[PDB]
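Peer 1: Below is the structure I would like to discuss, written out as structure tokens.
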Amino acid sequence: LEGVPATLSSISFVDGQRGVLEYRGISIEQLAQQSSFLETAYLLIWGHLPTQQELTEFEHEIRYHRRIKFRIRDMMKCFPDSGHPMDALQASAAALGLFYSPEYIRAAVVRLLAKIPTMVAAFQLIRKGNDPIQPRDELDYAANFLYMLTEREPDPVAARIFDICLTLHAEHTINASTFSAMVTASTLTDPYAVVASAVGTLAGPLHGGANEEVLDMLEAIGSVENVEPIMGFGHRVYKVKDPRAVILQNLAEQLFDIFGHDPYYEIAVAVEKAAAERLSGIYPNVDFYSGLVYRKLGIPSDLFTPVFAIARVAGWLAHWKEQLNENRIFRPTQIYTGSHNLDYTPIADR
Amino acid sequence: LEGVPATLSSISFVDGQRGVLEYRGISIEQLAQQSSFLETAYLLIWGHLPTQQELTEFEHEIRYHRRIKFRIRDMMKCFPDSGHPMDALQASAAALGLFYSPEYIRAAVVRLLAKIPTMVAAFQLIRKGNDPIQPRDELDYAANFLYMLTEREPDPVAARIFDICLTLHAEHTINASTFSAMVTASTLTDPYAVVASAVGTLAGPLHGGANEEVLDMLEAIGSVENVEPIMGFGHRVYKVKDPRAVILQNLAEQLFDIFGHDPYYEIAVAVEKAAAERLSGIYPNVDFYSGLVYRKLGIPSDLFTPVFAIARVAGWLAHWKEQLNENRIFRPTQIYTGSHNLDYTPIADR
Amino acid sequence: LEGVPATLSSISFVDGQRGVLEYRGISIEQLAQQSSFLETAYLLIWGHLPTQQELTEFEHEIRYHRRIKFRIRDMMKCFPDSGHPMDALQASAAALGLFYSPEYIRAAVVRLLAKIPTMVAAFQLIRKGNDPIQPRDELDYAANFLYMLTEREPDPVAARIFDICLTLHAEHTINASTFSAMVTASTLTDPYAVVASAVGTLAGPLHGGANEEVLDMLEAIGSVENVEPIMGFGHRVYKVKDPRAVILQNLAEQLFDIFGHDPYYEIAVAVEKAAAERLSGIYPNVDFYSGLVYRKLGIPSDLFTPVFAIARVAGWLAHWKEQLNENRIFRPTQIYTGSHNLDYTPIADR
Amino acid sequence: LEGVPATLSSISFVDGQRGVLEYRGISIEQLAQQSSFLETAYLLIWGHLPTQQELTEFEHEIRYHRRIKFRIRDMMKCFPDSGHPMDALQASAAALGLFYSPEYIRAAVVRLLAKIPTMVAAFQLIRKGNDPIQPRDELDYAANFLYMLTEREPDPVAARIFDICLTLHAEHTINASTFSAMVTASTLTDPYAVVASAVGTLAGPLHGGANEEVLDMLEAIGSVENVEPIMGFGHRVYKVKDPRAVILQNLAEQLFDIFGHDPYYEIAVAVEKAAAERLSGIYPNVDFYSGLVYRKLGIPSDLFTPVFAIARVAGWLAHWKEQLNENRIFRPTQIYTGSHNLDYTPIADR
Amino acid sequence: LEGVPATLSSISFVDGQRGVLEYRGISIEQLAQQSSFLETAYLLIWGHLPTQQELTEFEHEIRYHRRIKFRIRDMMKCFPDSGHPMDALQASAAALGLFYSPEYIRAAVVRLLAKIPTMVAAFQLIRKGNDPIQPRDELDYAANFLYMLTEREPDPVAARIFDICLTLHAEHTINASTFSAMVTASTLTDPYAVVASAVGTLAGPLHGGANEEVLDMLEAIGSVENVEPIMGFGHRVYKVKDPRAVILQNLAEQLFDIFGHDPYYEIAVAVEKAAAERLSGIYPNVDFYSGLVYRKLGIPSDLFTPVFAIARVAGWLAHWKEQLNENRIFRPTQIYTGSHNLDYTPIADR
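Residue numbers (the entry's author numbering), protein chains in the order written: chain D, 11 to 111, 118 to 245, 257 to 307, 310 to 379; chain C, 11 to 111, 118 to 245, 257 to 307, 310 to 379; chain E, 11 to 111, 118 to 245, 257 to 307, 310 to 379; chain B, 11 to 111, 118 to 245, 257 to 307, 310 to 379; chain A, 11 to 111, 118 to 245, 257 to 307, 310 to 379.
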């Protein structure tokens, strides 16, 4: 289906031959320097920058809905401990519609945005046999998520780095997950089912992406002298450089300089400086620095993809709201490549 | 059975032709101005005003027993979400006897008084899918109940208004609920069964009283210009004015002036000033101002009757303790108005 | 309140100076010989003998509703194991209104009649740590209750004896429990609250009656030679003989002759033959033979009163239905025997 | 402690230089041919062969107590799915004392014997996410255990083989588990604690014995042509042949001839016929044939040791009952091989 | 088995003819004056006094693991309320192996030491129907245990007295419980099974020791004038005086002088001053003062033995670690005192 202009969207723009990525016409650097995750999500979903009162009301509503019912936690207590976090995320997103399914757009958006990280952290805590940690009203989005994940209040620098990372991964362009979200939404269904379908599509093979395989190769190297004696490089769109990659690398460098270097960072630098001298087109992408940034913040490996989903919910929701107005069922045609006009044969004659 | 002096009680006195209401000989105005709910309950149950040490010990014992066992909360978790609060209150009062049934009078009184509002608030929170809020030892009776109901610490003015309202509704006179309580207590049964029977009697039709129908009429009017273009007025005892009504109206006026006016207050004033000019005998009663006072404090509509029950437990308990000493089973006689000396007819012959 | 004709009822007639007991004008002997419990309950509630089709439909509806929801069983699983069966019965009757509260009279009657013994047996099984036994559609009322209580299908003779015992204890006359039921029902409340109030009244002191104290005296005697070297005799109404007592004694004699004599029966005969020679007025009542009949059927001691309640639900319900049509709140008057016109005294001045 | 005659027991006799094993003086062949597991357990515990009435009463009491409370099953539902069956067995044996701890000896024996296999099968079913299967009164000990384990009623031949295997493994002689059982019982403690201590001792390294390593070697060989191109042979007591081994081999041969040969049996025969020609002293023991017999009956590998424990409970209990009469705390002496008369040193000086 | 030097241990030394008790060669007075419980446990298990960094790391690791999983608390919620604390302790110790069974020695030691008092307090709270109190990171071992037991933060003096008491009862010498622990550990099993076996052995008769019978006699006397008008005196090892008894008496005197005298202390002094004048050899032991010290701290009577177990876990663990290196199964020999060479008799011929 590649190459078919099946959608008319004014949400994001991507130029691979120039390294340009824009959210609603605003470059990603502007949002990565002078914007947060919630304001970027408001810009994506509603199409315009919120005012002061709108931003404060949005943040208050999101902070008020960060707590989940005790029935949802009880449901998570019945999840098997060996299940993957993506399956649990899909199950919880589908279960949100058992409870919460003009003002319908705004309420659903704020509930989903407030509650998705809460359930992710709750399942992370429950899987190891611990009790889920309740959200705190004093903290903000990224800081509260980090506290819920690690039981400890994070440094403001780490919270800012995580917020900018979420903004970078908020949305890129049309893809399999977004296409599935729009296909589900074309039937005028509740956004919780759309989110569940998008998460199921995003799970992919092995319930993970190329964010952990980079760490696997890095551990396989195991030293800064085995890099010289491939996943984590290249891209299918951009040809000069991924514009998110430079910001991610700068954030990783700043966070590691402030919080002290680690050996895996050293092996990453050793491999990347060698790869930039013999393969450069081939350039590193966000899949290389995202793993390092997430691991330095204390995020487990198998929770890399769910965190990505936490960033992507704002994108999906945006594409949902658009689709709505353009109500049109995805009903493509097919060509038959089989046999014709044969008859049923008795079972005894087979 | 109306008109039969079936009880000899020295607890309360009511004079409808003079507008007099007295608790143990003390006028309701004195208690509404210079007394709290717990001291009034002590006066009602024990017949005399407590001293300083007695009052402090009573308050300490009540504050210590405000917490319910986790089995009771687990039982509430199994209650259907569509059940009425009165049925849940009766079930919880009956379940208290599964656990806690000279020193027997005092322990039962303090446990019931401490725990009834706790279970009311716990069911209110559980019904909506939230976790019950634990009581705080720093707050007092009314303030702790309001915090448990609304998750937020109330203003001291609101707590005082609620305490005076509870004192006003603590006890009025013999009625159906009190008669049922005395009938149950005449068999020398535990006070928890008496409280459950009294709550079941108090539930009445539609599991509610005339406190919500006033709000229904007020919403039906919907404006301050539709009052001119009936429940909430009149009484069956008093002919001049309900002495509790004037205090309730003063409290409502003070609370609304301090906390800002509301449109429903405006419609209430518009309807009452018109009704006092063409119907005055017909006068407003406590059922008119109680709904407004409770709604301004954040109390839901369907929890009006349970809150009334919270006020009435002190009265019932008092009537229980009295009845005890006067041990006499309510064994009235009957007259037969049916057929006599007929025989059984075979089923095939019917 | 004794001696006041407060009720006009055509349900039952009692003549103590002639030993006459009639249900709706039909003598108790006719119903005890040629009637069952369900047909007698239909006669009591509806006032006339049911036809064939009506009786079959009533039995089918009762048999269909004998199964309780899993939420009720879960609630019983949270009951403390040391609680008394009467408190659990009251709690379950109150909880039935959380779920099931022209056709309203009939549905409530059949649900209560079908489900009360089911919950009694379920609590009996749960209290000892066993799982409740589900009802069987092949058995009838008494046989199914006995199977649920003892896990074993009873002999048809035992089932018939239990059915006749239930018919005998179905209703006697106005008393404390029935008066409380009518007082609760006068407010036009649901029958589940009426049943809960009646059970609470019937619990009485020590959560039991004089049915177990007879066994206590019999065990204290401990032999057929210690009767010569009082609870279980006399009555407050009848002067010649209790007409239910002769039928109960005949049933006990028949059941014990068919199923073999027991030592406690021998001590009962020894004490009764001595008491009938020196005290005869003083005559044995149903409280003497009911304990023996229930114990021979395998019913535990502390479940004597609940079984009585199972018999009495038909009576209460009947009195409920009558009361309804005669809607009149029990609002008696009182006389004040206390002090007048005293004032509040400061706490520091006490 | 080897070589010290610390116990005087008349329960079992073992002669390794003659291949003699006797239970209370009766050879193991007599019991393996003309006795069952329950009668052998009665002989071991009570010292004499039961009569007809005693045997029937023992079997009836054991069959009546085969059902466990729902609280125990609920406790098993909280066990982690990754836990080993031996830890769960120890936990359940310890939990039995939370409930059931002249007639005390007999009741404890029958409860333990009836309930241990029930909990083993219940944990086996729960661990895989299935519901436990309730026991059937129609089946006997071994057949009911096999039905509970595999949901299917076993062939009578298989049940007989399993019963004879249980009789063979009922008891051998004093060892670590029996010594721990007697040490625990010397303090006059309940038999449930003794059973829990014995199970904990029997768990050993890796929570298993040499019964699964034989299957590991057999699978490693993987063919009947790789035996020629060691666990499962030899013993520390017998020098001619294990008298239980010949019976176990005969039972395995009969069961496999009746139920059809399997490839692992073929590899077992190939390895044993080669080992009996070049190593014969070195002879196979019960650890070789027990695994094959258990696997052919459908018993999982990791449940080999618990089944052994099911056989051994009769032995332990016997040694418990004996110990009782000979009340003497195991209080051995020790010799000090450390430093003397040194003093405490400040932490800052270390 | 008394008198057999079955063990070679350099952990503790006891001299009864001189009143000497040493942990690893260091006298008990030095540790009771200038040491805590955790440092003494480190000395016992590892054989040398920890340094500053080692002590801080040990305390940090113990404080981090003081919290138990929610599955363990759920398992305790299923324990019967009438069960004894020792059975619950054994069940919880066995259940710890369902979850947590070079670095293996240290992790197991810290988990057991951190979690045993937590589960003891959790069962104490659950048994009465209250929720378990979570540990606080600000408090230390004894203070946190006292807070968890009594919901109130203890005075530092009381915490110090409790810590010294735990140090005194940490370990005495080889006995039945330690012998059972070594017998279980000789099979190279996990330390959780060893702890469960040791607890089962320590439960003893009536699930308690002679620490509560002293209080029983003291209450039987009931006055300071009935001592003149035996458990709690004497010992089986020491002949001059128990060296722990003098420290325990000094601690009790100091704690009671600081916190005010109690009548039971007065009766204890009256009985001990009379017993020291007519029986002195006969001297009081730790069983006399331990009950008083524990009761003054708010510890219930039936939890005396579990608290002792909390002290003894360090000893058992030490003996476990030693045993390990000296791997040798306790396989004693026996002498047969029964019949020989008899045959099986048909059941019909018995």
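By construction, the Cβ of each residue, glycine as well, lies at the ideal position given by its N, Cα and C atoms.
Residues of chain B with a CB under 8 Å from the CB of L371 of chain A: which are they?
Peer 2: Going along chain B in sequence order, the residues near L371 of chain A (Cβ under 8 Å) are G35 and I36.
Peer 1: Do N191 of chain C and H262 of chain C have their C-beta atoms within less than 7 Å of each other?
Peer 2: Not a contact, by the Cβ cut-off of 7 Å.
Peer 1: For a cutoff of 7 Å on Cβ pairs, would you count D91 of chain A as touching chain C?
Peer 2: Closer than 7 Å: no.
Peer 1: I want to see whether chain E comes within less than 7 Å of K79 of chain B, judged by CB atoms only; does it?
Peer 2: Answer yes: the Cβ-Cβ gap between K79 of chain B and chain E drops below 7 Å somewhere.
Peer 1: Measure the CB-CB distance between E228 of chain D and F333 of chain D and report whether it falls below 7 Å.
Peer 2: A contact, by the Cβ cut-off of 7 Å.
Peer 1: Would you kindly work out how many angstroms separate the C-alpha atoms of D153 of chain D and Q281 of chain A, rounded to a whole number?
Peer 2: Spanning the two alpha carbons is a distance of roughly 47 Å.
Peer 1: For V199 of chain E, which residues in the same chain have their Cβ closer than 7 Å to its Cβ, ignoring the five residues on either side in sequence?
Peer 2: Cβ within range, chain order: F359.
Peer 1: Let me check you understand the geometry: is the CB of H94 of chain C closer than 6 Å to at least one non-hydrogen atom of the ligand COA?
Peer 2: This structure simply doesn't include the ligand COA, nor any ligand for that matter.
Peer 1: Is it true that the CB of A159 of chain C sits closer than 7 Å to the CB of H348 of chain C?
Peer 2: No, they are not a contact pair.
Peer 1: Taking the alpha carbon of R143 of chain C as the reference point, which residue from C:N370, C:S193, C:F178 and C:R83 has its own alpha carbon closest?
Peer 2: When each option's Cα is compared against that of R143 of chain C, the closest is C:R83.
Peer 1: Span of the alpha helix (DSSP H) holding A101 of chain E?
Peer 2: First-last of the alpha helix (DSSP H) with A101 of chain E: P95 to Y110.
Peer 1: Would you list the one or two residues that DSSP bridges to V24 of chain C?
Peer 2: Bridge partners of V24 of chain C: C:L31.
Peer 1: Is the separation between the beta-carbon of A212 of chain C and that of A103 of chain C shorter than 7 Å?
Peer 2: Yes, Cβ-Cβ distance for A212 of chain C and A103 of chain C is below 7 Å.
Peer 1: So what's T366 of chain C in DSSP terms, helix, strand or just coil?
Peer 2: Reduced to three states, the DSSP call for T366 of chain C is coil.
Peer 1: Quick check on DSSP: helix, strand or coil for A16 of chain E?
Peer 2: Note: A16 of chain E maps to strand in three-state DSSP.
Peer 1: From the DSSP output, in three-state form, read off residue 385 of chain A for me.
Peer 2: Residue coverage of chain A in this structure runs from 11 to 379, which leaves residue 385 of chain A outside it and unanswerable.
Peer 1: If we define contact as Cβ-Cβ less than 7 Å, is residue 114 of chain D a contact residue for chain A?
Peer 2: Missing here is residue 114 of chain D: after 111, the next number in chain D is 118.
Peer 1: Taking just the CA atoms, how far does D269 of chain A sit from residue 253 of chain A?
Peer 2: In the model shown, chain A runs from 245 to 257 with nothing in between, leaving residue 253 of chain A without coordinates.
Peer 1: Out of curiosity, what's the CA-to-CA distance linking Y74 of chain B and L353 of chain B?
Peer 2: Straight-line Cα distance between these residues: approximately 27 Å.
Peer 1: Taking only beta-carbon positions, decide if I72 of chain C is within less than 7 Å of chain G.
Peer 2: Note that chain G does not occur in the displayed structure, where the protein chains are D, C, E, B and A.
Peer 1: Going by C-alpha to C-alpha distance, which of C:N277, C:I149, C:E235 and C:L99 sits closest to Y291 of chain C?
Peer 2: For the residues C:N277, C:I149, C:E235 and C:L99, the minimum Cα distance to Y291 of chain C belongs to C:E235.
Peer 1: If you drop the 5 nearest sequence neighbours on each side, which residues of the same chain put their C-beta closer than 7 Å to that of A214 of chain A?
Peer 2: For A214 of chain A, where only same-chain residues beyond five positions count, the Cβ hits under 7 Å are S193, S196, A197 and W345.
Peer 1: To the nearest angstrom, report how far apart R341 of chain D and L155 of chain D are at their CA atoms.
Peer 2: Cα to Cα, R341 of chain D sits roughly 22 Å from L155 of chain D.
Peer 1: Checking contacts by CB at 7 Å: is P170 of chain B closer than that to chain A?
Peer 2: Not an interface residue.
Peer 1: Quick test of your reading: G220 of chain A and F317 of chain A, contact by CB under 8 Å. State the CB separation rounded to the nearest angstrom.
Peer 2: About 18 Å; that fails the 8 Å criterion.
Peer 1: Is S37 of chain E helix, strand or coil when you go by DSSP?
Peer 2: Three-state DSSP puts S37 of chain E in a strand.
Peer 1: Taking the alpha-carbon positions, what's the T374 of chain A to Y323 of chain A distance?
Peer 2: Using only the alpha carbons, I get a separation of about 60 Å.
Peer 1: Could you say if the region 202-211 of chain C and the region 288-307 of chain C meet the contact criterion of at least three C-beta pairs nearer than 8 Å?
Peer 2: Contact between the region 202-211 of chain C and the region 288-307 of chain C is absent, because fewer than three Cβ pairs lie under 8 Å.
Peer 1: Tell me which residues share the same chain as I55 of chain C and place their Cβ nearer than 7 Å to its Cβ, disregarding the 5 neighbours each side in the sequence.
Peer 2: Once the five neighbours on either side are set aside, the close Cβ partners of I55 of chain C are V125, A343, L346, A347 and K350.
Peer 1: In angstroms, rounded to a whole number, what distance separates the CA positions of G29 of chain D and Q44 of chain D?
Peer 2: C-alpha separation (whole angstroms): 20 Å.
Peer 1: On the DSSP bridge assignment, give the partners of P313 of chain A in chain order.
Peer 2: Per DSSP, A:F260.
Peer 1: How about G57 of chain E and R34 of chain E: are their beta carbons less than 7 Å apart?
Peer 2: Yes. Within cutoff.
Peer 1: State whether the region 170-184 of chain A contacts the region 60-70 of chain B, with contact taken as three or more CB pairs (one from each stretch) at a distance under 8 Å.
Peer 2: Too few Cβ pairs lie closer than 8 Å, so no.
Peer 1: Inspect the beta-carbon positions of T166 of chain B and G327 of chain B and report whether they are closer than 7 Å.
Peer 2: A contact, by the Cβ cut-off of 7 Å.
Peer 1: Should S46 of chain B be labelled buried (16 or more other beta-carbon atoms within 10 Å of its own) or exposed?
Peer 2: Buried, because 16 or more other Cβ atoms sit within 10 Å of the Cβ of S46 of chain B.
Peer 1: Which residues of chain E have a Cβ atom closer than 8 Å to the Cβ of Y265 of chain C, listed in chain order?
Peer 2: Within chain E, no residue comes near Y265 of chain C; the closest Cβ sits about 15 Å away, beyond 8 Å.
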